[PDB]
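In what follows, a single structure is set out as structure tokens and then discussed.
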Amino acid sequence: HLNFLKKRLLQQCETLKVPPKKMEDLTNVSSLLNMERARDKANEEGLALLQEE
Amino acid sequence: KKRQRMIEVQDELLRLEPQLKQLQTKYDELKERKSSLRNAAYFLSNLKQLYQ
Numbered sequence: 109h110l111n112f113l114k115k116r117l118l119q120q121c122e123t124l125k126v127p128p129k130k131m132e133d134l135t136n137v138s139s140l141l142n143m144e145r146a147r148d149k150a151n152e153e154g155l156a157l158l159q160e161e
Numbered sequence: 315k316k317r318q319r320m321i322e323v324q325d326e327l328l329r330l331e332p333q334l335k336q337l338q339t340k341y342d343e344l345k346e347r348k349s350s351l352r353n354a355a356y357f358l359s360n361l362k363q364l365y366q
């Protein structure tokens with residue numbers, strides 16, 4: 109029964125339609141955020157330094 | 315935009331930096347000239363009085 113459920117869900121998700129919006133791999137995105145956050149922090153730091161100057 | 319701001323502020327600083335020096339030396343030399351010429355006028359008048 110669970111195999112039939114899985115195959116019907118696979119068919120439904122394959123048939124499902126979405127507007128053309130890019131959506132990156134589920135596992136990695138979180139890591140990217142962390143890096144992005146750090147980037148902003150660094151940028152902010154540099155910005156502060158620039159303003160300080 | 316902050317990097318451009320860097321560009322204009324550094325340009326203004328490097329332009330204004332030399333401007334102080336010539337004005338300072340001109341002020342100093344003119345003040346020295348004034349003091350020297352006032353002294354010299356005093357001495358020439360005093361020596362003329364001595365001669366008379």
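Residue numbers (the deposited numbering), protein chains in the order written: chain Q, 109 to 161; chain U, 315 to 366. Backbone N, C-alpha and C fix where the C-beta goes; we use that ideal spot for every residue, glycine too.
Backbone CA spacing between residue i and residue j [nearest angstrom]
i	j	result
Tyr341/U	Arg317/U	37 Å
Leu124/Q	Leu118/Q	10 Å
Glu331/U	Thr339/U	14 Å
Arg319/U	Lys114/Q	60 Å
Contacts that residue i makes with chain U (C-beta to C-beta distance below 9 Å)
i	result
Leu110/Q	Under the 9 Å cutoff, chain U gives no residues; its nearest Cβ is about 58 Å from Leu110/Q.
DSSP-derived helix/strand/coil call for residue i
i	result
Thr135/Q	coil
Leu361/U	helix
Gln333/U	helix
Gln366/U	coil
The ligand FMN heavy atom lying under 6 Å from the CB of residue i
i	result
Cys121/Q	The ligand FMN is not part of this structure, which contains no ligands at all.
Partner residues on chain Q for residue i, Cβ-Cβ distance less than 8 Å
i	result
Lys316/U	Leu155, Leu158, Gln159
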